[PDB]
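A short write-up of the structure that comes next.
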Amino acid sequence: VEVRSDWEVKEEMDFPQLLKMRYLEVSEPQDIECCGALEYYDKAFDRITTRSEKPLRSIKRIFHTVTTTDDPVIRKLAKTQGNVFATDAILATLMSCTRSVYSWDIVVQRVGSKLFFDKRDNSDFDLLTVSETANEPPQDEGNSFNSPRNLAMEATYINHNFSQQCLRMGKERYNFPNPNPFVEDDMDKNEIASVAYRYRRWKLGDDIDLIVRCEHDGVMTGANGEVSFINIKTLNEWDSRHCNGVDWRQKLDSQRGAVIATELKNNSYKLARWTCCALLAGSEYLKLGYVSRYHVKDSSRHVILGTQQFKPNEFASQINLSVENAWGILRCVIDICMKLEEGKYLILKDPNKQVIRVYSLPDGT
Amino acid sequence: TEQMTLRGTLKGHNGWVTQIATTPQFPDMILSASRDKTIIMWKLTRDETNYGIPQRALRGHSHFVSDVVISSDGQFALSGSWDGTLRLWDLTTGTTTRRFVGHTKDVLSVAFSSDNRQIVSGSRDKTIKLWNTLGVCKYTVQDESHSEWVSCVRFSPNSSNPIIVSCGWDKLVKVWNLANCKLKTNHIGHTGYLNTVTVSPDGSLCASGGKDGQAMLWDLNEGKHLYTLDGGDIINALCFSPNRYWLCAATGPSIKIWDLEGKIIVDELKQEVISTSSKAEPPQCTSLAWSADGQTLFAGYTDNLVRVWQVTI
Amino acid sequence: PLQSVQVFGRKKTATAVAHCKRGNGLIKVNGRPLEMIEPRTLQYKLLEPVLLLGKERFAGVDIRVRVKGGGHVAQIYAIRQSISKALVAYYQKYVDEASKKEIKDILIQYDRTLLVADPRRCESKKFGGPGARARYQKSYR
Amino acid sequence: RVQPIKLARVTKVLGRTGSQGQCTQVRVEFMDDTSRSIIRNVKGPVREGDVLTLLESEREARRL
Amino acid sequence: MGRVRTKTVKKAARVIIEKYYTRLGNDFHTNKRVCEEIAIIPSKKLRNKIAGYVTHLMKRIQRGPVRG
Amino acid sequence: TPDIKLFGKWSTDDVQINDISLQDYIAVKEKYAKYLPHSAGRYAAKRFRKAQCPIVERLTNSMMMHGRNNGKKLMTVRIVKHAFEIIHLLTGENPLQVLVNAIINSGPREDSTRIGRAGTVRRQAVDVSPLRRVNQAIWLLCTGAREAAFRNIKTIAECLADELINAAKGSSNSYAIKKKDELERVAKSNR
RNA sequence: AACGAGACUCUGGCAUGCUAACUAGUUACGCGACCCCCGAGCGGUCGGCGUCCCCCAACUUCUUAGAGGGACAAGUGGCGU
């Protein structure tokens with residue numbers, strides 16, 4: 001994005017301001033609508049060990065990362081419900097804004113009494129940064145493997161490939177009565193991702209009704225007719241020794257905790273971003289996969305090293321993450337936009353400073 | 001043009017592949033030996049996800065299995081081992097027919113005749129010896145023998161006459177004719193000890209190699225030194241092609257496949273080039289054998305794998 | 001045609017020769033059920049391979065075991081170590097590689113001396129102690 | 001004191017100290033600041049990469 | 001641990017490589033059996049040592065020149 | 001369940017470690033869940049080798065002490081099966097989560113040691129390993145039940161299950177949470 | 001250059017390889033006898049329980065004791081001139 005000279009700032013909502021604001025006693029959501037289908041988990045992966053390792057399959061599925069206005073469910077539910085609209089990834093960025101180090105940007109296209117939080121289709125918004133919150137992140141150019149871009153390419157490439165490798169697409173899916181509205185049912189390939197899309201209810205106070213997309217990635221077979229919903233994400237690595245990290249191959253079993261502590265210093269932004277999504281969903285287990293480069297000079301070949309299921313909420317108790325804070329953040333942003341008129345307003349993070357703003361733009365810019 | 005693609009690689013060993021052989025009766029089998037003290041009989045699926053699975057594993061040795069060879073029927077299989085004994089297998093469930101008793105040291109080389117009635121052995125005894133299929137000694141060679149270890153012996157295909165090759169570490173190749181058991185000739189050549197020798201399918205040639213790593217050519221019946229070729233650092237195994245006049249030479253980092261008419265290298269097979277240092281960055285190739293189809297060839301390495309290749313036009 | 005393969009296990013001089021002979025189910029030890037082998041608190045332990053692998057691996061064999069040596073405890077580990085290997089050997093001989101390779105990965109995961117044996121036995125006492133290391137008291141006055 | 005419970009992790013072990021080798025010098029990374037590092041004395045057997053539970057980072061080690 | 005090689009090994013190891021340089025491979029087992037035939041080492045455990053050092057020397061001799 | 005052992009009846013799933021500090025020396029369920037706590041007798045020949053073996057087994061080991069009880073590991077397992085049973089009837093939980101809290105609440109945060117100056121006692125405050133915390137916390141609570149049942153009509157099983165409650169919810173009626181706070185009270189003074 | 005150290009001797013740990021056994025066993029039947037239908041069936045038979053019967057049976061895994069092999073810092077990654 002380019003910040004123009006004719007865009008009007010009202011308020012600098014810096015991260016010290018927003019880490020104090022809060023909203024208390026958020027009520028239990030009720031689902032507006034659930035759409036899609038989920039595949040079942042392979043229990044064989046519970047017994048993975050380092051010295052009997054298994055590589056990574058690259059599994060391509062046709063993904064949907066559709067924005068708020070172009071999402072037909074968010075579009076039509078505007079006429080029955082809500083007055084703030086978003087998607088799960090646009091929530092997670094706003095929640096975890098306080099740990100950001102590089103720019104993000106969302107066009108809040110206010111309409112009447114309502115807010116469409118439209119992430120752009122020419123942004124790089126949903127790329128997942130690697131070594132971002134480090135002592136000094138990679139400053140390498142975009143011609144290099146170990147750069148901010150190529151590592152985010154690497155990371156985002158792998159994270160959904162392993163979401164489906166967890167899962168048995170040749171076995172029975174649980175199906176919602178409403179199928180996916182982002183593609184037709186004349187997609188008989190079953191080369192859609194395992195995903196279903198909860199559209200859920202919240203109230204932040206001040207007569208606000210948030211109606212936002214959330215999801216799971218996989219369901220795991222339980223027992224006694226019960227099952228365990230899971231958000232799957234994947235922790236990539238490129239080189240240990242160029243970012244003050246830990247070689248997981250040497251230290252996974254003994255220093256299991258130190259490994260996760262690495263990424264509370266080097267990817268702490270991404271960790272709680274993933275956890276925010278899991279708490280937005282209400283997952284039963286938060287699964288992650290350990291993956292690293294097969295050869296540290298080859299950014300294409302990777303190998304699975306292990307998997308570990310944590311319970312997301314007791315996990316949140318451990319990583320010192322609380323969402324009481326989080327709902328005052330989103331509150332404080334809505335304190336700006338509601339008293340303004342309709343228009344494409346831009347909320348972004350400054351690329352060299354730690355402060356977000358609300359711009360008023362001449363519309364269509 | 002006839003060139004090589006990397007087909008696939010097999011897995012199922014804890015010890016270095018010592019030899020591989022294949023019967024032309026069943027090219028869908030393939031047989032292997034190794035320093036995990038077992039010979040593994042495979043089941044070849046032609047899927048490129050794998051390239052084969054071990055079917056059964058023949059067990060019972062107290063030291064390495066050096067060389068292995070198939071029967072002409074493919075219903076028997078025979079082994080030579082560094083425990084000083086040989087075994088005669090029944091390649092249908094297991095259950096050794098016979099074990100051959102009598103050597104004081106290792107049995108390095110072994111081979112199985114066309115008529116299935118004569119079986120030879122090279123030993124660090126410094127004795128070539130002949131063996132009935134009943135497991136007793138028709139003859140023993142202890143006069144005009146090698147003065148050092150016996151590296152490899154061969155049965156020669158011929159019009160009908162009995163001729164067998166012998167080569168030792170005394171840098172000589174002796175050819176023997178049965179029913180007098182005399183020296184047919186002595187061939188002198190190669191500086192450093194001899195590893196291997198192999199005979200043409202027509203049978204009038206002996207392609208020999210060793211520590212020298214040079215491929216000298218000899219005439220079986222003319223008794224003439226044809227020529228010499230620089231085959232690299234060391235050549236551990238050799239095997240002619242069944243359907244061509246090529247010769248495939250196994251050197252450490254690469255396999256060198258040579259066209260003979262005219263004399264030139266076709267290609268050099270390179271395997272995975274994975275970063276390792278410094279003494280043998282790839283594993284040495286030690287054995288190799290063609291399939292009877294002549295499309296595919298196999299290789300023995302010291303990383304416990306058998307790499308496959310295929311000819312592509 | 002008769003099929004019979006035998007194995008043993010050891011721990012601390014407790015031999016347990018467990019033959020796998022063709023048949024169906026019915027594992028025994030000393031001509032008694034394994035369900036009543038007598039400390040009956042370690043009952044889950046000798047049962048562990050059978051329970052974990054399923055009872056459908058034990059549907060082509062009658063296994064009976066004879067034992068000797070050791071105490072009450074070490075015998076339990078011996079009978080477990082033998083039946084684990086017995087099952088394997090039956091597949092190693094009459095069935096293909098990929099059947100038993102699978103079974104090997106499962107057992108050796110929670111290895112607890114099922115497919116291996118301790119080399120540890122008692123050390124020999126020397127004088128000046130009641131034990132091999134422990135010594136009699138030393139007085140200076 | 002009135003500081004809340006901190007958590008900090010090992011980066012490297014330095015060597016053993018005390019008058020019977022019972023103390024261990026160690027370098028630790030603050031686990032919230034990746035350029036901050038303090039030296040500590042830690043009693044128990046430690047490896048590397050494990051996390052401690054500091055009650056303060058006012059204290060700092062200099063000798064046995 | 002410990003197990004630093006004595007002089008009795010290092011004396012004969014050098015000698016055996018000088019006069020039987022050709023016979024050597026770089027494998028343990030082959031270099032063992034050669035030492036067994038070109039000389040007698042009166043123990044078995046001693047033989048397993050002298051081979052291993054003969055092997056370890058032969059690695060370095062294929063680089064620059066040794067000074068021993 | 002069919003691929004991972006319970007305890008003979010008690011799930012090792014729905015069991016968490018609620019610290020990030022003390023996990024990777026507390027584990028019980030990664031694959032380390034087994035039907036019984038026992039070993040073949042490998043537990044230590046390296047410093048790292050101690051950590052791996054289960055927490056439930058470690059508890060059984062440190063329960064048999066003081067002469068007459070040594071070398072009676074089977075008698076010891078009787079006391080542990082009753083313990084979990086009593087804990088479940090008495091409060092109603094996954095009775096392993098009780099134990100995990102009881103261990104984590106009993107481990108010290110800071111500790112003192114000795115230092116020689118002027119031929120007179122001076123003390124210095126120092127920190128403590130996670131591996132030290134676990135070893136200490138297992139020691140302390142096992143001393144409680146051993147002490148109580150030395151003249152009480154109550155059996156050691158009853159005493160031990162009571163001792164894990166008062167540790168799991170701090171209340172200073174246990175021998176552990178008392179003795180924990182004594183050490184830290186010293187560590188404040190000389191520091 | 002020599003003595004001590006080490007080397008050496010004994011012992012433990014690895015062999016379904018080798019050698020051979022009614023003063024050592026196992027397996028297999030031949031079995032006939034006892035036992036209970038305990039399971040399919042009927043009690044027989046098939047299966048299960050030990051003992052007598054065992055051979056001019058088969059074998060040496062278990063037991064026994066001899067000859068041999070195996071481990072060398074050997075291979076890989078760090079570190080050291």
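Residue numbers start at 1 in each chain; chains themselves are named A, B, ... in the order of the structure tokens; ligands are numbered from 1 in the order shown.
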
Using only C-alpha atoms (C1' of nucleotides), which residues sit within 10 Å of segment 263-268 of chain B once same-chain residues fewer than 2 positions away are excluded, as a list in words? residues 2, 3, 4, 229, 231, 246, 247, 248, 249, 253, 254, 255, 256, 257, 258, 259, 260, 261, 270 and 271 of chain B

Using N, CA and C atoms, can you write the selected residues to a file as a tab-separated table (two decimals), in the first residue's frame?
chain	number	residue	atom	x	y	z
B	2	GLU	N	20.39	-43.71	-26.79
B	2	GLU	CA	20.34	-44.58	-25.64
B	2	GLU	C	21.10	-43.94	-24.51
B	3	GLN	N	20.37	-43.59	-23.44
B	3	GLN	CA	20.91	-42.87	-22.32
B	3	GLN	C	20.19	-43.41	-21.12
B	4	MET	N	20.52	-42.91	-19.91
B	4	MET	CA	20.13	-43.52	-18.67
B	4	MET	C	19.31	-42.55	-17.87
B	229	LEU	N	42.45	-50.26	-21.21
B	229	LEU	CA	41.67	-49.05	-21.17
B	229	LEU	C	41.80	-48.53	-19.77
B	231	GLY	N	40.18	-47.26	-16.69
B	231	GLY	CA	38.86	-47.42	-16.13
B	231	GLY	C	38.68	-46.69	-14.84
B	246	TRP	N	28.42	-54.07	-24.69
B	246	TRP	CA	28.82	-53.01	-23.81
B	246	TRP	C	29.57	-53.68	-22.69
B	247	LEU	N	30.11	-52.88	-21.75
B	247	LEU	CA	30.76	-53.36	-20.56
B	247	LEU	C	30.54	-52.27	-19.55
B	248	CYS	N	30.12	-52.67	-18.33
B	248	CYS	CA	29.67	-51.75	-17.32
B	248	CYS	C	30.63	-51.90	-16.17
B	249	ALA	N	31.33	-50.80	-15.80
B	249	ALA	CA	32.43	-50.82	-14.86
B	249	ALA	C	32.02	-50.05	-13.65
B	253	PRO	N	32.52	-43.31	-7.24
B	253	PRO	CA	31.49	-42.28	-7.24
B	253	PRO	C	30.50	-42.48	-8.35
B	254	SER	N	30.76	-43.40	-9.31
B	254	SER	CA	30.01	-43.42	-10.54
B	254	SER	C	30.11	-44.80	-11.10
B	255	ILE	N	29.21	-45.15	-12.04
B	255	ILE	CA	29.30	-46.37	-12.79
B	255	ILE	C	29.59	-45.88	-14.18
B	256	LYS	N	30.53	-46.53	-14.89
B	256	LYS	CA	30.98	-46.10	-16.19
B	256	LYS	C	30.54	-47.16	-17.14
B	257	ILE	N	29.56	-46.83	-18.01
B	257	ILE	CA	29.03	-47.75	-18.99
B	257	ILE	C	29.72	-47.46	-20.29
B	258	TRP	N	30.41	-48.48	-20.85
B	258	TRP	CA	31.27	-48.34	-21.99
B	258	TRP	C	30.72	-49.09	-23.15
B	259	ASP	N	30.62	-48.40	-24.31
B	259	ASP	CA	30.40	-49.02	-25.60
B	259	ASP	C	31.74	-49.51	-26.07
B	260	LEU	N	31.74	-50.70	-26.72
B	260	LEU	CA	32.92	-51.46	-27.03
B	260	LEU	C	33.22	-51.29	-28.49
B	261	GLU	N	32.18	-50.98	-29.31
B	261	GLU	CA	32.31	-50.90	-30.74
B	261	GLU	C	31.63	-49.62	-31.18
B	270	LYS	N	25.51	-41.01	-12.20
B	270	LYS	CA	25.69	-40.33	-10.94
B	270	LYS	C	24.41	-40.51	-10.20
B	271	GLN	N	24.55	-40.73	-8.88
B	271	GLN	CA	23.47	-40.96	-7.97
B	271	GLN	C	23.22	-39.64	-7.29

Output the contact residues of chain C with respect to chain A at a cut-off of 12 Å, based on only C-alpha atoms, as number ranges by chain. C: 105-110

Given a cut-off of 10 Å, which residues of chain B touch chain G, counting only C-alpha atoms (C1' of nucleotides), written out as a list in words?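 Applying the cut-off to the listed atoms yields residues 59, 60, 61, 62, 63, 82, 83, 85, 101, 276 and 277 of chain B.
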
Those residues with N, CA, C and O atoms, as a PDB file, in the first residue's frame please?
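Below is the file that was written, again.pdb:
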ATOM      1  N   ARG B  59      18.110 -66.955   6.179  1.00  0.00           N
ATOM      2  CA  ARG B  59      18.847 -66.653   7.383  1.00  0.00           C
ATOM      3  C   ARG B  59      19.698 -67.832   7.739  1.00  0.00           C
ATOM      4  O   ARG B  59      19.268 -68.974   7.596  1.00  0.00           O
ATOM      5  N   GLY B  60      20.922 -67.559   8.250  1.00  0.00           N
ATOM      6  CA  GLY B  60      21.745 -68.565   8.873  1.00  0.00           C
ATOM      7  C   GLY B  60      23.153 -68.510   8.388  1.00  0.00           C
ATOM      8  O   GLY B  60      23.556 -69.310   7.547  1.00  0.00           O
ATOM      9  N   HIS B  61      23.965 -67.627   9.014  1.00  0.00           N
ATOM     10  CA  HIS B  61      25.368 -67.473   8.724  1.00  0.00           C
ATOM     11  C   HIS B  61      25.932 -66.783   9.934  1.00  0.00           C
ATOM     12  O   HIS B  61      25.201 -66.121  10.671  1.00  0.00           O
ATOM     13  N   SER B  62      27.258 -66.931  10.172  1.00  0.00           N
ATOM     14  CA  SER B  62      27.927 -66.362  11.321  1.00  0.00           C
ATOM     15  C   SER B  62      28.966 -65.374  10.865  1.00  0.00           C
ATOM     16  O   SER B  62      29.715 -64.838  11.680  1.00  0.00           O
ATOM     17  N   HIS B  63      29.014 -65.089   9.547  1.00  0.00           N
ATOM     18  CA  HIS B  63      29.866 -64.066   8.998  1.00  0.00           C
ATOM     19  C   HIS B  63      29.217 -63.708   7.694  1.00  0.00           C
ATOM     20  O   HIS B  63      28.188 -64.282   7.331  1.00  0.00           O
ATOM     21  N   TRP B  82      31.950 -66.018   4.461  1.00  0.00           N
ATOM     22  CA  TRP B  82      33.219 -65.803   5.130  1.00  0.00           C
ATOM     23  C   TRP B  82      33.246 -66.589   6.425  1.00  0.00           C
ATOM     24  O   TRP B  82      34.106 -66.357   7.275  1.00  0.00           O
ATOM     25  N   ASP B  83      32.288 -67.524   6.633  1.00  0.00           N
ATOM     26  CA  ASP B  83      32.341 -68.481   7.714  1.00  0.00           C
ATOM     27  C   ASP B  83      32.987 -69.766   7.256  1.00  0.00           C
ATOM     28  O   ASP B  83      33.151 -70.694   8.047  1.00  0.00           O
ATOM     29  N   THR B  85      32.012 -71.766   4.676  1.00  0.00           N
ATOM     30  CA  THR B  85      31.096 -72.801   4.259  1.00  0.00           C
ATOM     31  C   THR B  85      30.243 -72.213   3.174  1.00  0.00           C
ATOM     32  O   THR B  85      30.306 -71.018   2.890  1.00  0.00           O
ATOM     33  N   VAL B 101      30.994 -78.691   3.673  1.00  0.00           N
ATOM     34  CA  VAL B 101      31.933 -78.613   4.764  1.00  0.00           C
ATOM     35  C   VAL B 101      33.291 -78.871   4.186  1.00  0.00           C
ATOM     36  O   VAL B 101      33.581 -79.970   3.710  1.00  0.00           O
ATOM     37  N   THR B 276      28.238 -34.028   1.859  1.00  0.00           N
ATOM     38  CA  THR B 276      28.863 -34.863   2.855  1.00  0.00           C
ATOM     39  C   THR B 276      30.327 -34.597   2.594  1.00  0.00           C
ATOM     40  O   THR B 276      30.681 -34.064   1.541  1.00  0.00           O
ATOM     41  N   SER B 277      31.222 -34.889   3.564  1.00  0.00           N
ATOM     42  CA  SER B 277      32.645 -34.721   3.378  1.00  0.00           C
ATOM     43  C   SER B 277      33.314 -35.869   4.092  1.00  0.00           C
ATOM     44  O   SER B 277      32.736 -36.424   5.024  1.00  0.00           O
TER      45      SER B 277
END

Interface residues on chain G facing chain C, 9 Å, only C-alpha atoms (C1' of nucleotides), written as an MDAnalysis selection string: chainID G and resid 12:13 16 48:50 61:62

Export of prior selection with N, CA and C atoms (P, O5', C5', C4', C3', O3' and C1' of nucleotides) as a PDB file, in the first residue's frame:
ATOM      1  P     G G  12      31.374 -67.010  32.801  1.00  0.00           P
ATOM      2  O5'   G G  12      30.683 -65.593  32.684  1.00  0.00           O
ATOM      3  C5'   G G  12      29.752 -65.190  33.698  1.00  0.00           C
ATOM      4  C4'   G G  12      29.321 -63.738  33.470  1.00  0.00           C
ATOM      5  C3'   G G  12      28.625 -63.461  32.143  1.00  0.00           C
ATOM      6  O3'   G G  12      27.252 -63.849  32.241  1.00  0.00           O
ATOM      7  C1'   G G  12      30.248 -61.792  32.531  1.00  0.00           C
ATOM      8  P     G G  13      26.503 -64.467  30.996  1.00  0.00           P
ATOM      9  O5'   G G  13      26.466 -63.259  29.975  1.00  0.00           O
ATOM     10  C5'   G G  13      25.563 -62.178  30.255  1.00  0.00           C
ATOM     11  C4'   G G  13      25.775 -61.047  29.256  1.00  0.00           C
ATOM     12  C3'   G G  13      25.617 -61.436  27.792  1.00  0.00           C
ATOM     13  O3'   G G  13      24.219 -61.495  27.457  1.00  0.00           O
ATOM     14  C1'   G G  13      27.565 -60.130  28.051  1.00  0.00           C
ATOM     15  P     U G  16      21.449 -67.412  15.948  1.00  0.00           P
ATOM     16  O5'   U G  16      20.758 -68.787  16.324  1.00  0.00           O
ATOM     17  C5'   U G  16      21.432 -70.017  16.009  1.00  0.00           C
ATOM     18  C4'   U G  16      20.482 -71.050  15.379  1.00  0.00           C
ATOM     19  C3'   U G  16      19.781 -70.591  14.089  1.00  0.00           C
ATOM     20  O3'   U G  16      19.671 -71.671  13.153  1.00  0.00           O
ATOM     21  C1'   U G  16      18.136 -71.001  15.724  1.00  0.00           C
ATOM     22  P     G G  48      -4.320 -79.867  21.710  1.00  0.00           P
ATOM     23  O5'   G G  48      -4.892 -79.602  23.169  1.00  0.00           O
ATOM     24  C5'   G G  48      -5.215 -78.268  23.577  1.00  0.00           C
ATOM     25  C4'   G G  48      -5.848 -78.261  24.977  1.00  0.00           C
ATOM     26  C3'   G G  48      -5.101 -78.982  26.096  1.00  0.00           C
ATOM     27  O3'   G G  48      -3.985 -78.207  26.545  1.00  0.00           O
ATOM     28  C1'   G G  48      -7.383 -79.482  26.279  1.00  0.00           C
ATOM     29  P     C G  49      -2.721 -79.013  27.075  1.00  0.00           P
ATOM     30  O5'   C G  49      -3.215 -79.637  28.437  1.00  0.00           O
ATOM     31  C5'   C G  49      -3.505 -78.803  29.560  1.00  0.00           C
ATOM     32  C4'   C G  49      -3.663 -79.673  30.808  1.00  0.00           C
ATOM     33  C3'   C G  49      -2.548 -80.692  31.041  1.00  0.00           C
ATOM     34  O3'   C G  49      -1.410 -80.061  31.632  1.00  0.00           O
ATOM     35  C1'   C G  49      -4.614 -81.770  31.335  1.00  0.00           C
ATOM     36  P     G G  50       0.032 -80.366  31.053  1.00  0.00           P
ATOM     37  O5'   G G  50       0.845 -80.568  32.397  1.00  0.00           O
ATOM     38  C5'   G G  50       1.873 -81.569  32.471  1.00  0.00           C
ATOM     39  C4'   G G  50       1.436 -82.754  33.346  1.00  0.00           C
ATOM     40  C3'   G G  50       2.200 -84.062  33.120  1.00  0.00           C
ATOM     41  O3'   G G  50       3.456 -84.049  33.811  1.00  0.00           O
ATOM     42  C1'   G G  50      -0.106 -84.515  33.222  1.00  0.00           C
ATOM     43  P     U G  61      21.158 -76.121  18.509  1.00  0.00           P
ATOM     44  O5'   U G  61      19.710 -75.554  18.780  1.00  0.00           O
ATOM     45  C5'   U G  61      19.458 -74.179  18.455  1.00  0.00           C
ATOM     46  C4'   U G  61      18.268 -73.666  19.265  1.00  0.00           C
ATOM     47  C3'   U G  61      18.299 -73.866  20.785  1.00  0.00           C
ATOM     48  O3'   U G  61      19.133 -72.880  21.386  1.00  0.00           O
ATOM     49  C1'   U G  61      16.175 -74.460  19.970  1.00  0.00           C
ATOM     50  P     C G  62      20.178 -73.252  22.511  1.00  0.00           P
ATOM     51  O5'   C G  62      19.297 -73.501  23.793  1.00  0.00           O
ATOM     52  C5'   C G  62      18.458 -72.472  24.331  1.00  0.00           C
ATOM     53  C4'   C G  62      17.418 -73.086  25.273  1.00  0.00           C
ATOM     54  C3'   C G  62      17.940 -73.880  26.479  1.00  0.00           C
ATOM     55  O3'   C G  62      18.325 -73.008  27.545  1.00  0.00           O
ATOM     56  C1'   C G  62      16.216 -75.104  25.439  1.00  0.00           C
TER      57        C G  62
END

Find the spatial neighbours of residue 47 of chain C, counting only C-alpha atoms (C1' of nucleotides), within a cut-off of 8 Å - ignore same-chain residues fewer than 4 positions away - and output them as JSON, numbers by chain. {"C": [34, 43, 51, 80]}

Taking the backbone alone, and naming residues the way the document does, which bits of segment 47-199 of chain A are strand (DSSP E or B) by DSSP, as JSON, numbers by chain? {"A": [54, 55, 62, 84, 85, 86, 105, 106, 107, 108, 109, 110, 111, 114, 115, 116, 117, 118, 167, 168, 174, 175, 192, 195, 196, 197, 198, 199]}

What residues in chain D have any atom no more than 7 Å from chain F when counting only C-alpha atoms, and can you write them as a PyMOL selection string? chain D and resi 41-46+51-53

Proximity of chain B to chain E: per-residue shortest pair, 9 Å limit, only C-alpha atoms, as a tab-separated table:
residue	atom	partner	partner_atom	distance
B:169	CA	E:23	CA	9.0
B:192	CA	E:22	CA	6.6
B:193	CA	E:23	CA	7.6
B:211	CA	E:22	CA	8.5
B:279	CA	E:59	CA	7.6

Could you write out that same residue set with N, CA and C atoms as a compact mmCIF listing (two decimals), in the first residue's frame?
# COMPACT_ATOMS: atom_id res chain seq x y z
N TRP B 169 45.12 -62.51 -6.19
CA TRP B 169 45.73 -61.27 -5.79
C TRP B 169 47.20 -61.29 -6.09
N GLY B 192 49.09 -54.15 -8.99
CA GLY B 192 48.15 -54.28 -7.91
C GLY B 192 47.24 -55.44 -8.13
N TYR B 193 46.65 -55.93 -7.02
CA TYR B 193 45.84 -57.12 -6.91
C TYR B 193 44.57 -57.04 -7.72
N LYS B 211 42.81 -53.37 -8.51
CA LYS B 211 43.32 -52.21 -7.82
C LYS B 211 43.78 -51.17 -8.79
N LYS B 279 35.97 -38.26 2.69
CA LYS B 279 36.47 -39.52 2.23
C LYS B 279 35.25 -40.31 1.85

Show me which bits of chain B are within 10 Å of chain C, counting only C-alpha atoms, as an mmCIF file with N, CA and C atoms, in the first residue's frame.
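Ended up saving to selection.cif:
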data_model
loop_
_atom_site.group_PDB
_atom_site.id
_atom_site.type_symbol
_atom_site.label_atom_id
_atom_site.label_comp_id
_atom_site.auth_asym_id
_atom_site.auth_seq_id
_atom_site.Cartn_x
_atom_site.Cartn_y
_atom_site.Cartn_z
ATOM 1 N N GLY B 12 16.128 -52.336 2.403
ATOM 2 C CA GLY B 12 15.796 -53.466 3.235
ATOM 3 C C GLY B 12 17.019 -54.219 3.662
ATOM 4 N N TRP B 42 13.512 -60.776 -3.383
ATOM 5 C CA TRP B 42 12.662 -59.616 -3.482
ATOM 6 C C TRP B 42 11.433 -59.978 -4.257
ATOM 7 N N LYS B 43 10.462 -59.046 -4.254
ATOM 8 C CA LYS B 43 9.229 -59.115 -4.979
ATOM 9 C C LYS B 43 9.163 -57.779 -5.637
ATOM 10 N N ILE B 53 9.813 -54.899 -2.784
ATOM 11 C CA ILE B 53 9.581 -55.148 -1.383
ATOM 12 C C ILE B 53 10.342 -56.431 -1.138
ATOM 13 N N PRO B 54 10.949 -56.718 0.012
ATOM 14 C CA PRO B 54 11.505 -58.032 0.308
ATOM 15 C C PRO B 54 10.410 -59.052 0.497
ATOM 16 N N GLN B 55 10.484 -60.209 -0.202
ATOM 17 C CA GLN B 55 9.482 -61.241 -0.101
ATOM 18 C C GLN B 55 9.776 -62.104 1.096
ATOM 19 N N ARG B 56 11.005 -62.662 1.164
ATOM 20 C CA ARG B 56 11.461 -63.461 2.273
ATOM 21 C C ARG B 56 12.903 -63.113 2.472
ATOM 22 N N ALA B 57 13.469 -63.600 3.597
ATOM 23 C CA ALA B 57 14.816 -63.317 3.998
ATOM 24 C C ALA B 57 15.348 -64.630 4.474
ATOM 25 N N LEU B 58 16.391 -65.134 3.780
ATOM 26 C CA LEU B 58 17.036 -66.391 4.062
ATOM 27 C C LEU B 58 18.063 -66.114 5.121
ATOM 28 N N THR B 93 10.805 -71.753 0.333
ATOM 29 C CA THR B 93 10.423 -71.387 1.683
ATOM 30 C C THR B 93 11.665 -71.115 2.494
ATOM 31 N N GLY B 94 12.787 -71.811 2.198
ATOM 32 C CA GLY B 94 13.960 -71.723 3.033
ATOM 33 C C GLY B 94 14.684 -73.021 2.913
#

Where does DSSP see alpha helix (DSSP H) in segment 41-286 of chain A, if you list the residues as a ChimeraX atom specification? /A:72-76,88-95,148-159,161-165,248-251,256-262,268-281

Fewer than 4 positions away in the same chain doesn't count, so skip those; otherwise give me all residues within 8 Å of residue 301 of chain B, counting only C-alpha atoms (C1' of nucleotides), as a ChimeraX atom specification. /B:16-18,283-287,305-307

Between atom CA of residue 2 of chain F and atom CA of residue 218 of chain A - distance in Å to one decimal: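 About the pair atom CA of residue 218 of chain A and atom CA of residue 2 of chain F: they are 21.3 Å apart.
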
Where does chain F meet chain C within 10 Å, residue by residue, with the nearest atom pair and distance in Å to one decimal for each, counting only C-alpha atoms, listed by chain and rising number, as CSV?
residue,atom,partner,partner_atom,distance
F:1,CA,C:52,CA,9.5
F:2,CA,C:52,CA,6.5
F:3,CA,C:52,CA,6.5
F:4,CA,C:52,CA,8.1
F:5,CA,C:52,CA,8.2
F:7,CA,C:44,CA,9.6
F:8,CA,C:44,CA,7.6
F:31,CA,C:110,CA,7.9
F:32,CA,C:110,CA,8.1
F:33,CA,C:110,CA,9.6
F:34,CA,C:110,CA,8.7
F:35,CA,C:44,CA,6.4
F:36,CA,C:44,CA,7.3
F:37,CA,C:42,CA,9.9
F:38,CA,C:112,CA,9.2
F:39,CA,C:112,CA,6.7
F:40,CA,C:112,CA,5.9
F:41,CA,C:118,CA,8.7
F:42,CA,C:112,CA,8.9
F:74,CA,C:41,CA,8.2
F:77,CA,C:41,CA,8.8
F:78,CA,C:41,CA,8.6
